[PDB]
Structure formats: C-alpha cells, structure tokens
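Here is the structure we will look at, set down as structure tokens.
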Amino acid sequence: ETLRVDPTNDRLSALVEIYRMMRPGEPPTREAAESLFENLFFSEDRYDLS
Amino acid sequence: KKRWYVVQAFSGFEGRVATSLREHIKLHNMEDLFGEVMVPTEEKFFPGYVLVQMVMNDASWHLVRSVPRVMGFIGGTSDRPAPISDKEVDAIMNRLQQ
Amino acid sequence: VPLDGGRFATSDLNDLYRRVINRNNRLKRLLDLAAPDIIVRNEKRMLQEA
DNA sequence: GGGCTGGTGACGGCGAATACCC
DNA sequence: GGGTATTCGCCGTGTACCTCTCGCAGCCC
RNA sequence: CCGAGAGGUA
C-alpha cells in the first residue's frame, strides 16, 4: 500500500522529493540532492551516533 | 548575453561577500557565467544589496547561494528569480558614472 | 533602565521601534533616489514584517 | 576608539480550512 | 457543488513570598 | 530596580 501511494519511480525523483521536503520551494539539482542526502545520514560530519 | 540580478547579503559584510563571490567563481571555474560584481558607492547605496552580472542556470544559482553570508536572490519567485530592467541598469550606471 | 554598569540593557519596545525607524528611513531614502522596483518591493516587505 | 545588525519529551478543545466522494 | 472527514493552527494550563546570578558581539573601519 | 534562568518555603 505504501508503494501504491508513492508517485516516485526512480532514485532521482526520490532524491528530488526529499530535497523538496527539506528546503521548501527551490529548484533541485541532482548534485544538490545527492549532496543533501549524503549529508543527512551518511557523513561523518553532520551525523554521528556515539 | 548576461543579465543583471540582485543578491542580498548580511548588511555590513558586503565587500567581503563580493570578494568571496569572485573567489568562488574562480574556484568552480564557471568563468563564462559571470561578468562583474557591483557594490556602488557615493562619497553607500544600496544598503546591503550586491549586483551581479550573471546568467541563470541552476548550477550558478546554487553557486551564488553557496557563497557564504548570502541569503538569496530577490525576485518574483525562488524557482526563476527576477532580473531587474534595462533602463534601471542604465540609470544605476548613470548615477555611478556621475 | 540602568543596570549600574555603564550600559543600558534596553527594553524590548525601544528595540522594536528602533528597527521600524531604521527600516522606514532606509525605505524613504530608496524611494528618494529612484531605486529599482524589486529592491523597494523587498524593502516594503521588510517594513511590513518589522 | 565604535555603529548597527542580524530544536527534535504536552495534551485536550475547537473551529477554520481543505478533501473526497457522490 | 454540497455533506461529512481529516488536517492545521491557536489557546490555555494556581496564588503569595525569599535567595542567587546574568543581562549583544564584531571589528575594520 | 525591569526581564530571564535556577533553587526553596506554604
């Protein structure tokens, strides 16, 4: 049911929608979406469980 | 053809914003996508706005907003921000010349 | 109020009125010297928000 | 010497603003 | 083109009193 | 002699 509510279809559209829910109302770019989603959870700088 | 745009900075750090903007241009070497950077001055209007000769790609837009101490462009919308005008650029250059 | 240290920790109202008068004087000067209309739209937005 | 410049453990009620469905 | 349903923001949460500390940096004009 | 923040009495 979750995948039936999804409008997205590939990696790029998902990264665009996540970049759009983070910072509202601005043009996304594939480099900016990759950089944001790698700096949310997957970087030693901005994310750190102890 | 490169048209003009208005950038808002933290008012007071404007010369440092202009220098950092020129340096980010010569770092990310989009040299064919930037013409000048104006901060006009009388013996200082405009109080906190930086004029940029530019073109509009989303890469150059992210470049100017990734320059530090820059809030954003000032236009009708944030998708396609707004250039100003022909005669308005000519009058600003007129009073800068005068 | 004086705090007996050579300085005045001001009340919040004088800060607010000072912000409105700063922004209004800058808007009078920008309507004086024929600023481009995008900048006076931004300046009026700032005055409304102050 | 000094001017001025911009977090992420509260919960219920309630009414206004969408929403969807026919 | 309305009749019910779900979201979204606001409004609100006891009274007196006592003691203490601390209240805007930056900076190159 | 105003506001915060902390503590305490009933």
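Here's how to read the names in the structure tokens: chain A, B, ... by the order shown, residue numbers from 1 in each chain, ligand numbers from 1 in the order shown.
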
Counting only C-alpha atoms (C1' of nucleotides), which residues in chain D sit no more than 10 Å from chain B? For each one, give the nearest pair of atoms and the distance in Å, sorted by chain then residue number, as a Markdown table.
```
| residue | atom | partner | partner_atom | distance |
| --- | --- | --- | --- | --- |
| D:4 | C1' | B:12 | CA | 8.6 |
| D:5 | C1' | B:11 | CA | 7.1 |
| D:6 | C1' | B:10 | CA | 7.4 |
```

For segment 36-43 of chain B, work out the shell of residues within 7 Å, counting only C-alpha atoms (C1' of nucleotides) and skipping chain neighbours fewer than 3 positions away, then give it as a list in words. residues 18, 50, 51, 52, 53 and 96 of chain B

Check segment 12-74 of chain B with DSSP on the backbone and list each residue it calls alpha helix (DSSP H), as a list in words. residues 14, 15, 16, 17, 18, 19, 20, 21, 22, 23, 24, 25, 26, 27, 58, 59, 60, 61, 62, 63, 64, 65 and 66 of chain B

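Atom CA of residue 48 of chain A sits 24.1 Å away from atom CA of residue 66 of chain B.
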
Can you pull out the residues contacting segment 13-26 of chain C? Cut-off 8 Å, using only C-alpha atoms (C1' of nucleotides), and skip same-chain residues under 5 positions away; I want them as a list in words.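 In the requested form, the answer reads residues 47 of chain B; 43, 46, 47 and 50 of chain C.
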
Please produce a file of the residues just selected, as a compact mmCIF listing (two decimals), in the first residue's frame, where the atoms kept are N, CA, C and O atoms.
```
# COMPACT_ATOMS: atom_id res chain seq x y z
N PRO B 47 21.90 49.81 0.43
CA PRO B 47 22.37 49.38 1.76
C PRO B 47 22.20 47.88 2.02
O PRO B 47 21.38 47.43 2.82
N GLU C 43 12.15 46.04 0.26
CA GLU C 43 12.25 46.93 1.41
C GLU C 43 10.89 47.12 2.07
O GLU C 43 10.79 47.16 3.30
N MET C 46 10.21 44.06 4.11
CA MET C 46 10.93 44.15 5.38
C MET C 46 10.22 45.09 6.35
O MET C 46 10.17 44.81 7.56
N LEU C 47 9.67 46.20 5.85
CA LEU C 47 8.98 47.14 6.74
C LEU C 47 7.70 46.54 7.28
O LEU C 47 7.37 46.72 8.46
N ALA C 50 8.62 44.13 9.94
CA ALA C 50 9.04 44.78 11.18
C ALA C 50 7.86 45.35 11.96
O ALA C 50 7.84 45.28 13.20
```

Counting only C-alpha atoms (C1' of nucleotides), what is within 9 Å of residue 11 of chain C, bar same-chain residues fewer than 4 positions away, as a PyMOL selection string? (chain C and resi 1+15) or (chain F and resi 2-3)

Taking C-alpha atoms (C1' of nucleotides) for each residue, export the selection above as a PDB file, in the first residue's frame.
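As written to disk, selection_2.pdb reads:
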```pdb
ATOM      1  CA  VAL C   1      16.633  51.046  32.958  1.00  0.00           C
ATOM      2  CA  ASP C  15      14.442  47.826  20.073  1.00  0.00           C
TER       3      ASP C  15
ATOM      4  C1'   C F   2      12.954  45.682  34.576  1.00  0.00           C
ATOM      5  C1'   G F   3      13.352  40.785  32.281  1.00  0.00           C
TER       6        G F   3
END
```

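When atom CA of residue 67 of chain B is paired with atom CA of residue 21 of chain B, their separation reads 6.0 Å.
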
Please check the contacts: residues of chain E at most 12 Å away from chain B, using only C-alpha atoms (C1' of nucleotides), listed as a PyMOL selection string. chain E and resi 26-29

Grab the residues selected above and save them as a compact mmCIF listing (two decimals), in the first residue's frame with N, CA, C and O atoms (P, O5', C5', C4', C3', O3' and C1' of nucleotides).
```txt
# COMPACT_ATOMS: atom_id res chain seq x y z
P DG E 26 33.16 38.38 18.95
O5' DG E 26 33.18 39.03 17.49
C5' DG E 26 31.95 39.35 16.84
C4' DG E 26 32.18 40.09 15.54
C3' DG E 26 33.58 40.59 15.31
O3' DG E 26 33.75 40.80 13.93
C1' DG E 26 32.18 42.43 15.69
P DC E 27 34.85 39.97 13.11
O5' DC E 27 35.85 41.11 12.62
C5' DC E 27 35.34 42.22 11.90
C4' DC E 27 35.90 43.53 12.44
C3' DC E 27 37.30 43.47 13.06
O3' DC E 27 38.24 44.11 12.20
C1' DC E 27 35.83 44.96 14.18
P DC E 28 39.16 43.26 11.20
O5' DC E 28 38.93 43.95 9.79
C5' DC E 28 37.63 44.00 9.21
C4' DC E 28 37.09 45.42 9.11
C3' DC E 28 37.94 46.38 8.28
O3' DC E 28 37.08 47.26 7.55
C1' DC E 28 37.71 47.24 10.45
P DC E 29 37.58 47.94 6.19
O5' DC E 29 38.03 49.41 6.64
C5' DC E 29 37.13 50.51 6.54
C4' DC E 29 36.07 50.46 7.63
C3' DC E 29 35.47 51.81 8.01
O3' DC E 29 34.13 51.63 8.43
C1' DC E 29 36.62 50.92 9.87
```

When you draw a straight line from atom CA of residue 44 of chain C to atom CA of residue 26 of chain A, how long is it in Å? 22.9 Å

Nearest to residue 7 of chain B by atom-to-atom distance, counting only C-alpha atoms, from B:74, B:68, B:54, B:45: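 That would be B:74, the residue with the smallest distance to residue 7 of chain B.
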
Any chance you could tabulate, as JSON lines, the residues of chain C at most 12 Å from chain F with each one's nearest atom pair and distance in Å to one decimal, using only C-alpha atoms (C1' of nucleotides), in chain and rising number order?
```
{"residue": "C:1", "atom": "CA", "partner": "F:2", "partner_atom": "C1'", "distance": 6.7}
{"residue": "C:2", "atom": "CA", "partner": "F:1", "partner_atom": "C1'", "distance": 8.8}
{"residue": "C:3", "atom": "CA", "partner": "F:1", "partner_atom": "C1'", "distance": 8.6}
{"residue": "C:4", "atom": "CA", "partner": "F:1", "partner_atom": "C1'", "distance": 10.4}
{"residue": "C:8", "atom": "CA", "partner": "F:2", "partner_atom": "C1'", "distance": 11.1}
{"residue": "C:9", "atom": "CA", "partner": "F:2", "partner_atom": "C1'", "distance": 9.2}
{"residue": "C:10", "atom": "CA", "partner": "F:2", "partner_atom": "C1'", "distance": 9.1}
{"residue": "C:11", "atom": "CA", "partner": "F:2", "partner_atom": "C1'", "distance": 7.8}
{"residue": "C:12", "atom": "CA", "partner": "F:3", "partner_atom": "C1'", "distance": 9.5}
```

I need the chosen residues saved as a PDB file, in the first residue's frame, with N, CA, C and O atoms.
```pdb
ATOM      1  N   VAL C   1      16.109  51.285  31.612  1.00  0.00           N
ATOM      2  CA  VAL C   1      16.633  51.046  32.958  1.00  0.00           C
ATOM      3  C   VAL C   1      18.159  50.999  32.909  1.00  0.00           C
ATOM      4  O   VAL C   1      18.727  50.410  31.974  1.00  0.00           O
ATOM      5  N   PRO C   2      18.847  51.636  33.852  1.00  0.00           N
ATOM      6  CA  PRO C   2      20.283  51.391  34.010  1.00  0.00           C
ATOM      7  C   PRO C   2      20.529  50.152  34.854  1.00  0.00           C
ATOM      8  O   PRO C   2      19.790  49.862  35.798  1.00  0.00           O
ATOM      9  N   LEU C   3      21.570  49.403  34.503  1.00  0.00           N
ATOM     10  CA  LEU C   3      21.966  48.248  35.293  1.00  0.00           C
ATOM     11  C   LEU C   3      23.167  48.539  36.183  1.00  0.00           C
ATOM     12  O   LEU C   3      23.748  47.599  36.741  1.00  0.00           O
ATOM     13  N   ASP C   4      23.534  49.822  36.325  1.00  0.00           N
ATOM     14  CA  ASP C   4      24.669  50.291  37.134  1.00  0.00           C
ATOM     15  C   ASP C   4      25.983  49.649  36.693  1.00  0.00           C
ATOM     16  O   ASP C   4      26.751  49.135  37.508  1.00  0.00           O
ATOM     17  N   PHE C   8      23.034  50.255  29.191  1.00  0.00           N
ATOM     18  CA  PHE C   8      21.579  50.174  29.299  1.00  0.00           C
ATOM     19  C   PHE C   8      21.100  48.918  28.585  1.00  0.00           C
ATOM     20  O   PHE C   8      21.024  48.891  27.352  1.00  0.00           O
ATOM     21  N   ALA C   9      20.789  47.878  29.351  1.00  0.00           N
ATOM     22  CA  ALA C   9      20.037  46.756  28.802  1.00  0.00           C
ATOM     23  C   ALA C   9      18.632  47.265  28.544  1.00  0.00           C
ATOM     24  O   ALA C   9      17.838  47.431  29.472  1.00  0.00           O
ATOM     25  N   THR C  10      18.336  47.542  27.282  1.00  0.00           N
ATOM     26  CA  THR C  10      17.117  48.243  26.927  1.00  0.00           C
ATOM     27  C   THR C  10      15.908  47.328  27.017  1.00  0.00           C
ATOM     28  O   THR C  10      16.014  46.098  27.023  1.00  0.00           O
ATOM     29  N   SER C  11      14.747  47.955  27.096  1.00  0.00           N
ATOM     30  CA  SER C  11      13.510  47.215  26.998  1.00  0.00           C
ATOM     31  C   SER C  11      13.287  46.818  25.542  1.00  0.00           C
ATOM     32  O   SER C  11      13.915  47.351  24.625  1.00  0.00           O
ATOM     33  N   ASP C  12      12.384  45.863  25.338  1.00  0.00           N
ATOM     34  CA  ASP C  12      12.194  45.300  24.011  1.00  0.00           C
ATOM     35  C   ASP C  12      11.483  46.264  23.075  1.00  0.00           C
ATOM     36  O   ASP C  12      11.679  46.192  21.853  1.00  0.00           O
TER      37      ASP C  12
END
```

Taking only C-alpha atoms into account, find every residue of chain C that has an atom no more than 12 Å from chain B, and write it out as an NGL selection string. :C and (22-23 or 25-27 or 29-43 or 45)

Based on the selection just made, write N, CA and C atoms of those residues as a CSV table (one decimal), in the first residue's frame.
```csv
chain,number,residue,atom,x,y,z
C,22,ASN,N,14.7,52.5,11.6
C,22,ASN,CA,15.8,52.2,10.7
C,22,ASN,C,15.2,51.8,9.3
C,23,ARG,N,14.3,50.8,9.3
C,23,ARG,CA,13.8,50.3,8.0
C,23,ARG,C,13.0,51.3,7.2
C,25,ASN,N,13.4,54.7,7.4
C,25,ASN,CA,14.3,55.7,6.9
C,25,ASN,C,15.0,55.2,5.7
C,26,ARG,N,15.5,53.9,5.7
C,26,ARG,CA,16.1,53.4,4.5
C,26,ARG,C,15.1,53.2,3.4
C,27,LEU,N,13.8,53.0,3.7
C,27,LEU,CA,12.8,53.0,2.6
C,27,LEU,C,12.5,54.3,2.0
C,29,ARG,N,14.8,56.7,1.8
C,29,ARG,CA,15.9,57.1,1.0
C,29,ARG,C,15.9,56.2,-0.3
C,30,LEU,N,15.4,55.0,-0.3
C,30,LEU,CA,15.3,54.2,-1.5
C,30,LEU,C,14.2,54.7,-2.4
C,31,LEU,N,13.1,55.2,-1.9
C,31,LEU,CA,12.1,55.8,-2.8
C,31,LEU,C,12.6,57.2,-3.2
C,32,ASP,N,13.5,57.8,-2.5
C,32,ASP,CA,14.0,59.1,-2.9
C,32,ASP,C,14.9,59.0,-4.2
C,33,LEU,N,15.9,58.2,-4.2
C,33,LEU,CA,16.9,58.2,-5.2
C,33,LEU,C,16.6,57.2,-6.3
C,34,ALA,N,15.3,56.8,-6.5
C,34,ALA,CA,14.8,56.0,-7.6
C,34,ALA,C,15.4,54.7,-7.7
C,35,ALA,N,15.3,53.9,-6.7
C,35,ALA,CA,15.8,52.5,-6.6
C,35,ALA,C,15.0,51.7,-7.6
C,36,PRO,N,15.6,50.6,-8.1
C,36,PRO,CA,14.9,49.6,-9.0
C,36,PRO,C,13.8,48.9,-8.1
C,37,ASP,N,12.7,48.7,-8.8
C,37,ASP,CA,11.4,48.4,-8.1
C,37,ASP,C,11.5,47.1,-7.3
C,38,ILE,N,12.3,46.1,-7.7
C,38,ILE,CA,12.5,44.9,-7.0
C,38,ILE,C,13.1,45.2,-5.6
C,39,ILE,N,14.0,46.1,-5.5
C,39,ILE,CA,14.6,46.4,-4.2
C,39,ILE,C,13.6,47.2,-3.3
C,40,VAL,N,12.8,48.1,-3.8
C,40,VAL,CA,11.8,48.7,-3.0
C,40,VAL,C,10.6,47.8,-2.6
C,41,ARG,N,10.3,46.8,-3.5
C,41,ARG,CA,9.4,45.7,-3.0
C,41,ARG,C,10.0,44.9,-1.9
C,42,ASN,N,11.3,44.6,-1.9
C,42,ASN,CA,11.9,43.9,-0.8
C,42,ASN,C,11.9,44.7,0.4
C,43,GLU,N,12.1,46.0,0.3
C,43,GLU,CA,12.2,46.9,1.4
C,43,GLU,C,10.9,47.1,2.1
C,45,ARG,N,8.5,44.8,2.0
C,45,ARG,CA,8.3,43.6,2.7
C,45,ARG,C,9.0,43.5,4.0
```

For chain A, list the residues within 10 Å of chain B, counting only C-alpha atoms, and write the list as an mmCIF file with N, CA and C atoms, in the first residue's frame.
```
data_model
loop_
_atom_site.group_PDB
_atom_site.id
_atom_site.type_symbol
_atom_site.label_atom_id
_atom_site.label_comp_id
_atom_site.auth_asym_id
_atom_site.auth_seq_id
_atom_site.Cartn_x
_atom_site.Cartn_y
_atom_site.Cartn_z
ATOM 1 N N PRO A 24 11.952 24.064 1.343
ATOM 2 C CA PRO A 24 10.755 24.176 0.505
ATOM 3 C C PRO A 24 10.892 25.229 -0.580
ATOM 4 N N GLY A 25 10.419 24.871 -1.771
ATOM 5 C CA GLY A 25 10.261 25.809 -2.863
ATOM 6 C C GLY A 25 11.544 26.363 -3.439
ATOM 7 N N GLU A 26 12.337 25.510 -4.077
ATOM 8 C CA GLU A 26 13.552 25.934 -4.753
ATOM 9 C C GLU A 26 13.902 24.880 -5.794
ATOM 10 N N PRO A 27 14.627 25.251 -6.853
ATOM 11 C CA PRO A 27 14.971 24.277 -7.897
ATOM 12 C C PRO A 27 15.963 23.246 -7.398
ATOM 13 N N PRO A 28 15.600 21.972 -7.434
ATOM 14 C CA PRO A 28 16.566 20.927 -7.107
ATOM 15 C C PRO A 28 17.480 20.648 -8.283
ATOM 16 N N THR A 29 18.652 20.127 -7.961
ATOM 17 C CA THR A 29 19.580 19.625 -8.957
ATOM 18 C C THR A 29 20.129 18.319 -8.407
ATOM 19 N N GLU A 31 23.033 16.994 -8.320
ATOM 20 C CA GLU A 31 24.190 17.162 -7.446
ATOM 21 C C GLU A 31 23.781 17.663 -6.067
ATOM 22 N N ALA A 32 22.838 18.604 -6.009
ATOM 23 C CA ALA A 32 22.398 19.121 -4.720
ATOM 24 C C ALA A 32 21.615 18.079 -3.934
#
```

Contacts of residue 55 of chain B within 7 Å, only C-alpha atoms (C1' of nucleotides), excl. fewer than 2 positions in-chain, as a list in words: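 My reading of the contact set: residues 2, 3, 33 and 57 of chain B.
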
Store the residues of this selection in a file with C-alpha atoms, as a PDB file, in the first residue's frame.
```
ATOM      1  CA  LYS B   2      24.431  38.102 -19.319  1.00  0.00           C
ATOM      2  CA  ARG B   3      21.641  39.897 -17.472  1.00  0.00           C
ATOM      3  CA  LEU B  33      28.828  32.602 -16.484  1.00  0.00           C
ATOM      4  CA  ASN B  57      21.452  28.024 -14.684  1.00  0.00           C
TER       5      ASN B  57
END
```

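With distances taken over only C-alpha atoms (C1' of nucleotides), E:24 is the one residue among E:18, E:5, E:24, E:10 lying closest to chain C.
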
Considering only C-alpha atoms (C1' of nucleotides), return as a list in words whatever protein or nucleic-acid residues lie within 12 Å of residue 20 of chain D, sequence-local ones (same chain, fewer than 6 positions apart) excluded.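 After dropping sequence-adjacent residues, the list is residues 2, 3, 4, 5 and 6 of chain E.
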